[PDB]
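Asker: Structure: query-v1.cif, mmCIF, C-alpha atoms and all ligand atoms.
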```cif
data_start
loop_
_atom_site.label_atom_id
_atom_site.label_comp_id
_atom_site.auth_asym_id
_atom_site.auth_seq_id
_atom_site.Cartn_x
_atom_site.Cartn_y
_atom_site.Cartn_z
CA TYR T 3 -21.04 -14.88 30.79
CA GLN T 4 -17.78 -16.19 29.41
CA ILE T 5 -15.82 -14.06 26.94
CA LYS T 6 -13.90 -16.04 24.33
CA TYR T 7 -10.65 -14.19 25.10
CA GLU T 8 -8.74 -15.84 22.22
CA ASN T 9 -11.20 -14.13 19.83
CA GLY T 10 -9.75 -10.82 21.14
CA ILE T 11 -6.55 -11.25 19.08
CA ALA T 12 -7.51 -9.51 15.82
CA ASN T 13 -3.84 -9.70 14.78
CA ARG T 14 -0.88 -11.39 16.44
CA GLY T 15 1.68 -9.35 14.49
CA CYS T 16 5.36 -9.15 15.38
CA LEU T 17 5.97 -9.32 19.17
CA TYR T 18 9.66 -8.45 18.94
CA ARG T 19 9.22 -4.89 20.24
CA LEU T 20 6.67 -5.73 22.91
CA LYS T 21 8.84 -8.65 24.26
CA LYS T 22 11.92 -6.36 24.19
CA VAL T 23 10.02 -3.96 26.54
CA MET T 24 9.08 -6.86 28.85
CA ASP T 25 12.84 -7.77 28.94
CA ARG T 26 13.74 -4.16 29.84
CA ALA T 27 11.12 -4.31 32.61
CA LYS T 28 12.68 -7.54 33.95
CA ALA T 29 16.06 -5.67 33.90
CA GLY T 30 14.54 -2.98 36.23
CA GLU T 31 14.52 -0.19 33.59
CA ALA T 32 12.09 2.73 33.85
CA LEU T 33 9.33 2.43 31.20
CA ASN T 34 6.68 4.78 29.76
CA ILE T 35 3.18 3.27 29.24
CA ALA T 36 1.19 5.48 26.82
CA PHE T 37 -2.31 5.46 25.40
CA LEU T 38 -3.43 7.55 22.36
CA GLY T 39 -7.16 7.48 21.59
CA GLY T 40 -10.60 9.03 21.96
CA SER T 41 -13.18 9.26 24.77
CA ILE T 42 -12.80 5.68 26.00
CA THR T 43 -9.01 6.08 26.31
CA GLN T 44 -9.32 9.41 28.20
CA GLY T 45 -11.50 7.45 30.76
CA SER T 46 -15.18 8.10 29.92
CA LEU T 47 -17.24 6.84 31.57
CA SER T 48 -15.34 5.47 34.58
CA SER T 49 -16.25 6.76 38.07
CA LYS T 50 -12.56 7.55 38.76
CA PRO T 51 -9.48 7.95 36.48
CA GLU T 52 -7.93 4.84 38.23
CA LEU T 53 -10.82 2.63 37.04
CA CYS T 54 -10.57 3.34 33.27
CA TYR T 55 -9.12 0.59 31.03
CA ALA T 56 -5.90 2.56 30.46
CA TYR T 57 -5.08 2.72 34.19
CA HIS T 58 -5.95 -0.99 34.47
CA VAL T 59 -3.47 -1.83 31.69
CA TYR T 60 -0.91 0.39 33.41
CA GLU T 61 -1.41 -1.52 36.73
CA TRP T 62 -0.91 -4.78 34.82
CA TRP T 63 2.58 -3.51 33.92
CA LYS T 64 3.23 -2.54 37.58
CA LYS T 65 2.01 -5.83 39.08
CA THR T 66 3.62 -8.17 36.49
CA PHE T 67 6.97 -6.33 36.64
CA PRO T 68 7.40 -5.03 40.25
CA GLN T 69 11.18 -4.55 39.70
CA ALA T 70 10.49 -1.74 37.12
CA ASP T 71 9.16 1.81 37.55
CA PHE T 72 6.40 2.62 35.05
CA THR T 73 5.04 6.04 34.06
CA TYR T 74 1.38 6.48 32.97
CA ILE T 75 0.82 8.73 29.90
CA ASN T 76 -2.85 9.14 28.98
CA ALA T 77 -3.03 11.14 25.72
CA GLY T 78 -6.74 10.45 25.17
CA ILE T 79 -9.02 13.25 23.95
CA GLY T 80 -12.80 12.67 23.69
CA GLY T 81 -14.55 12.99 20.35
CA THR T 82 -11.33 13.02 18.28
CA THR T 83 -9.94 10.87 15.50
CA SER T 84 -6.63 9.48 14.29
CA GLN T 85 -6.50 12.59 12.03
CA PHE T 86 -6.02 14.78 15.08
CA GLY T 87 -3.91 11.98 16.54
CA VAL T 88 -1.26 12.21 13.82
CA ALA T 89 -1.10 16.05 14.15
CA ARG T 90 -0.74 16.06 17.98
CA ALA T 91 1.36 12.85 18.33
CA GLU T 92 4.64 14.76 18.72
CA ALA T 93 3.39 17.07 21.51
CA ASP T 94 1.00 14.79 23.46
CA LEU T 95 2.82 11.44 23.05
CA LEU T 96 6.26 11.15 21.35
CA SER T 97 7.69 14.03 23.43
CA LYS T 98 7.17 11.84 26.57
CA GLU T 99 9.34 9.07 25.09
CA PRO T 100 6.82 6.18 25.08
CA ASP T 101 8.00 2.52 25.22
CA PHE T 102 4.48 0.98 24.99
CA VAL T 103 1.78 2.72 22.87
CA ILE T 104 -1.85 1.65 22.56
CA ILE T 105 -3.73 3.32 19.64
CA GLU T 106 -7.51 3.46 20.18
CA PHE T 107 -9.56 5.25 17.46
CA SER T 108 -11.79 2.47 16.11
CA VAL T 109 -15.10 4.04 17.37
CA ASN T 110 -14.06 7.64 16.52
CA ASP T 111 -12.71 7.20 13.00
CA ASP T 112 -15.35 6.44 10.36
CA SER T 113 -14.68 3.22 8.47
CA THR T 114 -13.63 5.11 5.32
CA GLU T 115 -10.54 5.22 3.08
CA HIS T 116 -9.88 8.77 4.44
CA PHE T 117 -9.39 7.46 7.98
CA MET T 118 -7.42 4.38 6.72
CA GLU T 119 -5.03 7.04 5.28
CA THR T 120 -4.92 9.16 8.49
CA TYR T 121 -4.58 6.08 10.73
CA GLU T 122 -1.70 4.88 8.53
CA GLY T 123 -0.14 8.33 8.90
CA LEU T 124 -0.46 8.04 12.67
CA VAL T 125 0.83 4.48 12.75
CA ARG T 126 3.91 5.16 10.59
CA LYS T 127 4.77 8.23 12.65
CA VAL T 128 4.51 6.48 16.07
CA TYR T 129 6.28 3.21 15.06
CA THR T 130 9.34 4.92 13.45
CA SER T 131 9.58 7.56 16.26
CA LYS T 132 12.82 7.94 18.31
CA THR T 133 12.02 5.35 21.05
CA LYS T 134 10.74 2.69 18.61
CA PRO T 135 7.79 1.98 20.95
CA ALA T 136 5.91 -1.29 21.10
CA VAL T 137 2.53 -0.54 19.46
CA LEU T 138 -0.71 -2.38 20.31
CA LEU T 139 -3.87 -1.51 18.33
CA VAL T 140 -7.12 -1.61 20.32
CA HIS T 141 -10.48 -1.79 18.56
CA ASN T 142 -13.48 -0.78 20.65
CA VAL T 143 -17.01 -1.40 19.33
CA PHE T 144 -20.42 0.32 19.28
CA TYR T 145 -22.65 -1.89 21.50
CA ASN T 146 -25.89 -0.53 19.89
CA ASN T 147 -25.09 -2.10 16.46
CA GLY T 148 -21.68 -3.93 16.75
CA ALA T 149 -19.97 -1.34 14.48
CA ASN T 150 -16.43 -0.04 14.39
CA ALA T 151 -13.80 1.18 11.91
CA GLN T 152 -11.84 -2.08 12.43
CA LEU T 153 -12.14 -2.95 8.72
CA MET T 154 -9.88 0.07 7.85
CA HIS T 155 -7.58 -0.17 10.95
CA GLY T 156 -7.10 -3.95 10.60
CA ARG T 157 -5.66 -3.54 7.10
CA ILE T 158 -3.03 -1.26 8.65
CA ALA T 159 -2.42 -3.76 11.51
CA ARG T 160 -1.63 -6.57 9.05
CA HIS T 161 0.41 -4.21 6.86
CA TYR T 162 2.87 -3.31 9.66
CA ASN T 163 2.49 -6.58 11.58
CA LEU T 164 1.13 -4.81 14.64
CA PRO T 165 -0.65 -6.75 17.43
CA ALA T 166 -4.34 -5.76 17.61
CA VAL T 167 -7.06 -6.71 20.06
CA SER T 168 -10.80 -6.13 19.50
CA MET T 169 -13.84 -5.84 21.73
CA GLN T 170 -15.93 -6.32 18.58
CA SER T 171 -15.09 -10.06 18.59
CA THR T 172 -15.11 -10.58 22.36
CA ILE T 173 -17.48 -8.29 24.29
CA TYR T 174 -20.09 -7.50 21.57
CA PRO T 175 -20.73 -11.24 20.83
CA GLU T 176 -21.74 -11.65 24.52
CA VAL T 177 -24.03 -8.57 24.44
CA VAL T 178 -25.83 -9.37 21.15
CA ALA T 179 -26.57 -12.91 22.42
CA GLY T 180 -28.17 -11.57 25.61
CA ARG T 181 -25.49 -12.99 27.95
CA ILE T 182 -24.60 -9.34 28.86
CA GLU T 183 -27.24 -6.63 29.23
CA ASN T 184 -25.83 -3.43 27.71
CA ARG T 185 -26.43 -1.37 30.87
CA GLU T 186 -24.24 -3.68 32.99
CA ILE T 187 -21.15 -2.43 31.03
CA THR T 188 -22.18 0.85 29.22
CA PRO T 189 -24.80 3.57 30.00
CA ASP T 190 -24.93 4.87 26.36
CA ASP T 191 -23.70 1.86 24.26
CA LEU T 192 -20.29 3.44 23.43
CA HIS T 193 -18.58 4.52 26.68
CA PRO T 194 -17.86 1.66 29.12
CA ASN T 195 -18.62 2.08 32.84
CA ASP T 196 -16.39 0.74 35.68
CA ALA T 197 -17.36 -2.88 34.97
CA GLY T 198 -16.96 -2.26 31.20
CA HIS T 199 -13.59 -0.56 31.54
CA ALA T 200 -12.38 -3.54 33.64
CA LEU T 201 -13.71 -5.86 30.93
CA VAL T 202 -11.99 -3.97 28.10
CA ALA T 203 -8.68 -3.99 30.03
CA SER T 204 -9.10 -7.74 30.72
CA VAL T 205 -9.19 -8.41 26.93
CA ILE T 206 -5.93 -6.46 26.57
CA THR T 207 -4.10 -7.95 29.58
CA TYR T 208 -5.09 -11.45 28.39
CA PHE T 209 -3.06 -10.83 25.25
CA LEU T 210 -0.24 -9.25 27.28
CA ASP T 211 -0.13 -12.27 29.65
CA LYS T 212 -0.02 -14.56 26.53
CA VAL T 213 2.99 -12.60 25.18
CA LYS T 214 4.85 -12.75 28.55
CA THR T 215 4.59 -16.59 28.93
CA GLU T 216 6.03 -17.09 25.42
CA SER T 222 14.28 -9.41 14.58
CA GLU T 223 11.39 -7.06 13.57
CA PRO T 224 10.10 -7.17 9.95
CA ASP T 225 11.14 -5.04 6.99
CA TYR T 226 9.43 -1.65 7.04
CA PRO T 227 6.82 -1.79 4.23
CA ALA T 228 6.02 0.98 1.75
CA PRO T 229 2.70 2.69 2.68
CA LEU T 230 -0.52 0.92 1.70
CA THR T 231 -2.30 4.28 1.02
CA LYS T 232 -1.03 7.63 -0.34
CA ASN T 233 -0.13 8.31 3.29
CA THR T 234 -0.45 12.10 2.92
CA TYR T 235 -1.12 12.80 6.64
CA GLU T 236 2.04 11.23 8.13
CA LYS T 237 3.41 14.76 8.23
CA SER T 238 0.65 16.80 9.95
CA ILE T 239 1.46 20.30 11.28
CA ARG T 240 -0.91 22.18 13.60
CA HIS T 241 -0.82 25.93 13.09
CA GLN T 242 -1.96 27.53 16.40
CA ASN T 243 -1.70 31.04 17.95
CA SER T 244 2.17 30.79 18.25
CA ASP T 245 2.60 30.59 14.43
CA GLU T 246 4.11 33.62 12.79
CA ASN T 247 2.61 34.16 9.29
CA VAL T 248 -0.81 34.62 10.96
CA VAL T 249 -2.53 38.04 10.49
CA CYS T 250 -5.64 38.64 12.62
CA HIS T 251 -8.46 40.98 11.47
CA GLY T 252 -10.98 40.67 14.32
CA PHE T 253 -9.86 37.26 15.60
CA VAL T 254 -7.87 37.64 18.84
CA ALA T 255 -5.45 35.02 20.16
CA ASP T 256 -6.49 33.19 23.35
CA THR T 257 -3.56 33.54 25.81
CA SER T 258 -5.22 31.55 28.61
CA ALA T 259 -3.41 28.63 30.26
CA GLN T 260 -4.23 25.02 29.26
CA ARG T 261 -4.72 22.64 32.22
CA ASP T 262 -4.26 19.46 30.17
CA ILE T 263 -4.78 18.23 26.59
CA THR T 264 -8.52 17.59 27.35
CA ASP T 265 -8.82 21.38 27.93
CA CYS T 266 -8.89 21.42 24.12
CA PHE T 267 -10.22 24.93 23.35
CA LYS T 268 -6.82 26.55 24.01
CA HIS T 269 -3.81 27.96 22.06
CA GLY T 270 -6.24 29.21 19.32
CA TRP T 271 -8.25 32.33 18.49
CA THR T 272 -11.81 33.66 19.31
CA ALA T 273 -14.19 35.99 17.35
CA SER T 274 -17.66 37.50 17.96
CA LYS T 275 -18.40 40.05 15.15
CA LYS T 276 -19.49 39.42 11.54
CA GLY T 277 -16.54 39.98 9.16
CA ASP T 278 -13.94 39.11 11.86
CA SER T 279 -11.18 37.17 10.01
CA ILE T 280 -7.67 35.61 10.26
CA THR T 281 -5.21 34.45 7.56
CA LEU T 282 -2.71 31.58 7.84
CA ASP T 283 0.03 30.19 5.60
CA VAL T 284 -0.27 26.42 5.76
CA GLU T 285 2.07 24.11 3.86
CA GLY T 286 0.79 20.74 2.60
CA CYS T 287 -1.30 18.96 -0.04
CA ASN T 288 -4.04 18.57 2.67
CA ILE T 289 -5.74 21.39 4.70
CA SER T 290 -8.02 20.66 7.68
CA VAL T 291 -9.47 23.01 10.35
CA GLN T 292 -10.21 22.54 14.08
CA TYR T 293 -13.02 24.55 15.73
CA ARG T 294 -15.58 24.28 18.58
CA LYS T 295 -19.08 23.03 17.98
CA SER T 296 -20.92 24.50 21.00
CA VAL T 297 -23.70 22.67 23.01
CA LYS T 298 -24.56 26.25 24.17
CA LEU T 299 -26.68 27.77 21.36
CA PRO T 300 -26.79 29.92 19.46
CA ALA T 301 -23.21 30.55 18.26
CA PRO T 302 -21.42 32.12 15.25
CA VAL T 303 -21.02 30.61 11.79
CA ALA T 304 -17.75 31.03 9.90
CA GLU T 305 -16.49 30.07 6.47
CA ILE T 306 -12.94 28.94 5.52
CA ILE T 307 -11.37 29.89 2.14
CA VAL T 308 -8.33 28.15 0.60
CA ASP T 309 -6.22 30.09 -1.99
CA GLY T 310 -8.76 32.93 -2.33
CA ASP T 311 -11.38 30.51 -3.73
CA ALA T 312 -14.33 32.09 -1.83
CA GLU T 313 -16.80 30.72 -4.39
CA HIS T 314 -16.06 27.24 -2.93
CA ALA T 315 -15.72 28.18 0.76
CA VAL T 316 -16.70 25.65 3.46
CA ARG T 317 -19.22 26.55 6.19
CA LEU T 318 -17.96 26.03 9.78
CA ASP T 319 -21.15 26.01 11.86
CA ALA T 320 -20.42 26.25 15.62
CA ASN T 321 -24.15 25.47 16.30
CA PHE T 322 -23.84 21.83 17.31
CA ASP T 323 -26.83 19.64 16.37
CA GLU T 324 -25.87 17.05 19.09
CA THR T 325 -26.51 17.44 22.84
CA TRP T 326 -23.87 15.40 24.75
CA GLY T 327 -21.32 18.25 25.07
CA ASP T 328 -18.91 20.45 23.12
CA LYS T 329 -17.08 18.84 20.20
CA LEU T 330 -13.59 19.57 18.93
CA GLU T 331 -14.52 19.36 15.26
CA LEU T 332 -11.95 18.69 12.53
CA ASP T 333 -13.07 19.12 8.90
CA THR T 334 -10.97 18.05 5.89
CA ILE T 335 -11.15 21.14 3.60
CA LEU T 336 -8.61 20.23 0.88
CA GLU T 337 -7.32 16.70 0.23
CA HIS T 338 -4.61 15.57 -2.27
CA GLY T 339 -4.18 19.04 -3.65
CA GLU T 340 -0.82 20.41 -4.63
CA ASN T 341 1.84 20.32 -1.86
CA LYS T 342 2.80 23.95 -1.19
CA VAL T 343 2.11 26.94 1.06
CA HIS T 344 -1.67 27.55 0.81
CA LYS T 345 -3.36 30.79 1.90
CA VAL T 346 -6.12 29.98 4.48
CA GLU T 347 -8.74 32.51 5.63
CA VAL T 348 -11.45 32.10 8.27
CA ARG T 349 -14.21 34.73 8.58
CA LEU T 350 -17.42 34.97 10.59
CA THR T 351 -20.39 34.97 8.21
CA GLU T 352 -23.30 34.84 10.78
CA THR T 353 -23.61 36.06 14.38
CA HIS T 354 -26.49 36.55 16.85
CA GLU T 355 -27.08 39.16 19.57
CA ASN T 356 -27.69 36.19 21.94
CA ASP T 357 -24.60 34.08 20.95
CA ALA T 358 -23.74 32.11 24.13
CA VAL T 359 -20.02 31.66 23.15
CA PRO T 360 -17.54 33.13 20.63
CA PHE T 361 -16.36 31.13 17.66
CA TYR T 362 -13.25 29.22 18.75
CA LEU T 363 -10.70 28.43 15.99
CA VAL T 364 -8.33 25.88 17.56
CA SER T 365 -5.98 25.03 14.69
CA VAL T 366 -5.50 24.75 10.95
CA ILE T 367 -3.56 21.59 10.00
CA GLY T 368 -1.25 21.24 7.00
CA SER T 369 -0.40 17.71 5.94
CA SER T 370 1.69 15.94 3.32
CA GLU T 371 3.41 12.54 2.89
CA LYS T 372 6.76 11.71 4.41
CA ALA T 373 8.94 10.00 1.81
CA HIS T 374 9.34 6.24 2.22
CA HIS T 375 12.87 4.80 1.62
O1 LIG A 401 -17.81 9.96 16.27
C1 LIG A 401 -18.39 8.67 16.30
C2 LIG A 401 -19.66 8.71 17.17
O2 LIG A 401 -19.45 9.74 18.15
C3 LIG A 401 -20.58 10.00 18.97
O3 LIG A 401 -20.33 11.12 19.83
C4 LIG A 401 -19.57 10.76 21.01
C5 LIG A 401 -18.13 11.27 20.92
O4 LIG A 401 -17.35 10.55 19.95
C6 LIG A 401 -17.43 11.11 22.26
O5 LIG A 401 -17.05 9.73 22.43
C7 LIG A 401 -18.30 11.67 23.42
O6 LIG A 401 -17.63 11.51 24.68
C8 LIG A 401 -18.08 12.43 25.68
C9 LIG A 401 -18.90 11.70 26.74
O7 LIG A 401 -20.12 11.14 26.20
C10 LIG A 401 -19.17 12.64 27.91
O8 LIG A 401 -19.94 13.77 27.48
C11 LIG A 401 -17.83 13.13 28.48
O9 LIG A 401 -18.05 13.94 29.63
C12 LIG A 401 -16.87 14.35 30.34
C13 LIG A 401 -16.81 15.89 30.42
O10 LIG A 401 -16.42 16.50 29.18
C14 LIG A 401 -15.84 16.37 31.51
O11 LIG A 401 -14.49 16.10 31.12
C15 LIG A 401 -16.16 15.69 32.84
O12 LIG A 401 -15.26 16.15 33.85
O13 LIG A 401 -16.04 14.27 32.66
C16 LIG A 401 -17.01 13.73 31.73
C17 LIG A 401 -16.89 12.22 31.64
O14 LIG A 401 -17.16 11.71 32.94
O15 LIG A 401 -17.17 13.86 27.44
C18 LIG A 401 -16.84 13.02 26.32
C19 LIG A 401 -16.00 13.84 25.35
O16 LIG A 401 -14.71 13.97 25.95
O17 LIG A 401 -19.60 11.07 23.47
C20 LIG A 401 -20.31 11.31 22.26
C21 LIG A 401 -21.71 10.72 22.43
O18 LIG A 401 -21.62 9.51 23.17
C22 LIG A 401 -21.79 10.32 18.10
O19 LIG A 401 -21.51 11.54 17.42
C23 LIG A 401 -22.12 9.25 17.06
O20 LIG A 401 -23.13 9.77 16.16
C24 LIG A 401 -20.88 8.88 16.25
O21 LIG A 401 -21.07 7.70 15.42
#
```
Can the structure in the file be given as C-alpha cells, please?
Ligand SMILES: OC[C@H]1O[C@@H](O[C@H]2[C@H](O)[C@H](O)[C@H](O[C@H]3[C@H](O)[C@H](O)[C@H](O[C@H]4[C@H](O)[C@H](O)[C@H](O)O[C@@H]4CO)O[C@@H]3CO)O[C@@H]2CO)[C@@H](O)[C@@H](O)[C@@H]1O
Answerer:
Amino acid sequence: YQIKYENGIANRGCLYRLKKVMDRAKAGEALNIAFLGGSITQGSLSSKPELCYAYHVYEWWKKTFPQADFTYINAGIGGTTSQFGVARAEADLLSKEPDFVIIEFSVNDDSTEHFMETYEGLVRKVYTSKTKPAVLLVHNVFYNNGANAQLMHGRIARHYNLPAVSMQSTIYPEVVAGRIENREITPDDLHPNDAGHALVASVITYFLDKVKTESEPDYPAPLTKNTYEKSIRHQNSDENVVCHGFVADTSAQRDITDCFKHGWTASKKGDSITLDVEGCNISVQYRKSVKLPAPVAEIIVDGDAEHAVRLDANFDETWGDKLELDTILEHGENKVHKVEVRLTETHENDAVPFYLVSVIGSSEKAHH
C-alpha cells in the first residue's frame, strides 16, 4: 500500500499554538503531551500500552526534541463521548496542565447536532483553559462502512481554526480499495491493532513533521447554543444528595478507566437517591452490565414521574460493560433541578447492583 498522507490534513487551521510548543521544546522546557478520547485513545486494541497511537505520538515528541522532557497524559476512556469529555476535562486533563491536546471522539460521538454541541463545549473549554494548549483534532473511522462523526467535528475544526487529521481520508481509502485487508490493521473494524495503531500515529506525525519544517485568530462566538461548555458531574462527594436505599461506593479508583467509581449502588426495588443539579441540561451516567440480569431504574426530573426515563442496566451488547450517558433534559430552563433515581425492576439472580456513576448539569458559558 501507499497512504496519501497529504489527504490526512482535514484542516490546516492556525499553527501558532502548536509551533509555540515546538519552540518551547527547542528551548528545553518541560512539556505535557495529552490525549482525550475514547477506546482507541486509551489504547485498545494494542498488545502493550507503549504500542498504541498515543504513545507513538508521545515518542515522536521525545525523539524530535531530545533537549526537552515530555510527560505522557492518556485521558482516554473506552465507549465514551465528547459529552463525558467536557464534564471530566477539568479533572482528567486540564488539571495536569496540558501543552499539546489531541481530541479523539469521531467514532464515539454520533454524527448529530447534539454531539456537534457537546464537542463544541469540549473544544471551547480546552482551548481557553489556563495553559492555552495546542489542540489537534483526530478523526478515526469505522473500517466496516467508512463512517465517522467527522461531518459534525469538522465544522467545529474550521470554526476555531484547529488543525485536524483524519483516518477516514487516508487509511479507509486503502482498505475499501482492497490494498489493505481489514484484519491486517483491526480485528473488529473499529479498534486498531499494533500495526493499525502505528499507522494511525504515522498519519498524525506526518502532519507534525510538516509543521516542524515550516498571532492566533480572534476567538469566535459559538456556532451552536453551546450549552454543555459548563458541565458539572455530581458524584458521591456532592452535598445536596439524599440517599434512600442507594449507598455511596467508597472504594478506591485505580485510574480513570476504572470508571464505575465515586458513585452509588442499589439492589432493592424502590431504592432511590435525590440530587440537586444546576443547568438547562441534565444527563445521567450509569453501568450497562454484560453480566445479566441486572436492575432497571428510572430517572425523574422536577417530580415529573409521568415522563420518567428508563435506565436499563441490562446491556443488549456483548463486548463488555458500558459507561452509559443519557441526555434526559436538553435546553430546559437553567436552574437547580430536582433529580431522582429509583430502582423499578430487580431480579433474585441479578449478577451486579445498579451503578449510578454521575448526574451531569450543564449550561452555556457566556461568550464575550
Ligand atoms: O459508540 C459507537 C459504536 O460503539 C461500539 O461499541 C464499542 C465501544 O464504543 C468501545 O469502543 C468498545 O471498546 C472496548 C473494546 O472493544 C474492548 O472490549 C476493550 O477491552 C479492554 C478491557 O476493558 C480491559 O481494560 C482490558 O484490560 O483491556 C481490554 C483491551 O485490550 O474495552 C473497550 C472499552 O474500554 O468496543 C465497542 C465494540 O467494539 C458499538 O456500540 C457500535 O454499535 C457503535 O456504533
Asker: Can you tell me which residues sit at most 6 Å away from ligand LIG 401 (chain A), counting only C-alpha atoms and all ligand atoms, written as a PyMOL selection string?
Answerer: chain T and resi 41+46-47+80-81+109-110+326-327
Asker: Could you tell me which of T:190, T:324, T:31, T:8 comes closest to residue 211 in chain T if we count only C-alpha atoms?
Answerer: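 Distance minimum relative to residue 211 in chain T lands on T:8.
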Asker: Ranking T:242, T:348, T:199, T:9 by minimum distance to residue 176 in chain T and counting only C-alpha atoms, which one comes first?
Answerer: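 Ranking T:242, T:348, T:199, T:9 by distance to residue 176 in chain T, first place goes to T:9.
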Asker: How far is it from CA of residue 246 in chain T to CA of residue 320 in chain T, in Å with one decimal?
Answerer: 25.8 Å
Asker: Mind giving me the straight-line distance from CA of residue 118 in chain T to CA of residue 83 in chain T in Å, one decimal?
Answerer: 11.2 Å
Asker: Determine the nearest neighbour of residue 4 in chain T from the options T:75, T:172, T:155, T:56, counting all atoms listed in the file.
Answerer: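 Selected residue with least distance to residue 4 in chain T: T:172.
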Asker: With only C-alpha atoms as the basis for distance, which of T:58, T:374, T:345, T:64 is at the shortest distance from residue 197 in chain T?
Answerer: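 Smallest distance to residue 197 in chain T is found for T:58.
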Asker: Which protein, DNA or RNA residues are at most 9 Å from (-6.9, -3.1, 33.6) in the file's coordinates when you count all atoms listed in the file, listed as number ranges by chain?
Answerer: T: 53-62, 199-207
Asker: Could you check how far CA of residue 178 in chain T sits from CA of residue 50 in chain T, in Å to one decimal?
Answerer: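 Atom-to-atom, CA of residue 178 in chain T and CA of residue 50 in chain T are spaced 27.8 Å apart.
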Asker: For residue 120 in chain T, find every residue with an atom within 12 Å (counting only C-alpha atoms), except residues of its own chain fewer than 4 positions away, and show them as a ChimeraX atom specification.
Answerer: /T:83-89,107,111-116,124-127,154-155,158,229-238,288,290,334,337,369-371
Asker: So, counting all atoms listed in the file, which residue among T:323, T:309, T:278, T:101 is closest to residue 360 in chain T?
Answerer: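 Ranking T:323, T:309, T:278, T:101 by distance to residue 360 in chain T, first place goes to T:278.
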Asker: Quick one: residues within 8 Å of (6.0, -8.0, 24.0) (file frame), counting only C-alpha atoms, please, as a VMD selection string.
Answerer: chain T and resid 17 to 24 136 210 213 to 214
Asker: Excluding residue 78 in chain T and its own-chain neighbours fewer than 6 positions away, which residues fall within 9 Å of it when counting all atoms listed in the file? Please give them as a ChimeraX atom specification.
Answerer: /T:37-45,106,263-264
Asker: Create the file for the chosen residues now, containing C-alpha atoms and written as a CSV table (one decimal), keeping the file's coordinate frame.
Answerer:
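Listed below is the output, part-v2.csv:
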```csv
chain,number,residue,atom,x,y,z
T,37,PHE,CA,-2.3,5.5,25.4
T,38,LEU,CA,-3.4,7.6,22.4
T,39,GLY,CA,-7.2,7.5,21.6
T,40,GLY,CA,-10.6,9.0,22.0
T,41,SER,CA,-13.2,9.3,24.8
T,42,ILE,CA,-12.8,5.7,26.0
T,43,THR,CA,-9.0,6.1,26.3
T,44,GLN,CA,-9.3,9.4,28.2
T,45,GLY,CA,-11.5,7.4,30.8
T,106,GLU,CA,-7.5,3.5,20.2
T,263,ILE,CA,-4.8,18.2,26.6
T,264,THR,CA,-8.5,17.6,27.4
```
Asker: Taking all atoms listed in the file into account, which of T:27, T:346, T:182, T:140 comes nearest residue 291 in chain T?
Answerer: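 For residue 291 in chain T, the nearest of the candidates is T:346.
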Asker: Around all the atoms of range 214-228 of chain T listed in the file, with 3 Å of room on each side, what axis-aligned box do you get, giving centre and edge lengths in Å to one decimal, as lines of an AutoDock Vina configuration file?
Answerer:
```
center_x = 9.4
center_y = -8.1
center_z = 15.3
size_x = 15.7
size_y = 24.1
size_z = 33.2
```
Asker: Excluding residue 270 in chain T and its own-chain neighbours fewer than 6 positions away, which residues fall within 8 Å of it when counting all atoms listed in the file? Please give them as a ChimeraX atom specification.
Answerer: /T:242-243,255-256,362-365
Asker: Could those selected residues go to a file with C-alpha atoms, as a CSV table (one decimal), in the coordinates of the input?
Answerer:
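Listing of part.csv after writing:
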```csv
chain,number,residue,atom,x,y,z
T,242,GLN,CA,-2.0,27.5,16.4
T,243,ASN,CA,-1.7,31.0,18.0
T,255,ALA,CA,-5.4,35.0,20.2
T,256,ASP,CA,-6.5,33.2,23.4
T,362,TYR,CA,-13.2,29.2,18.8
T,363,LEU,CA,-10.7,28.4,16.0
T,364,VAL,CA,-8.3,25.9,17.6
T,365,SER,CA,-6.0,25.0,14.7
```
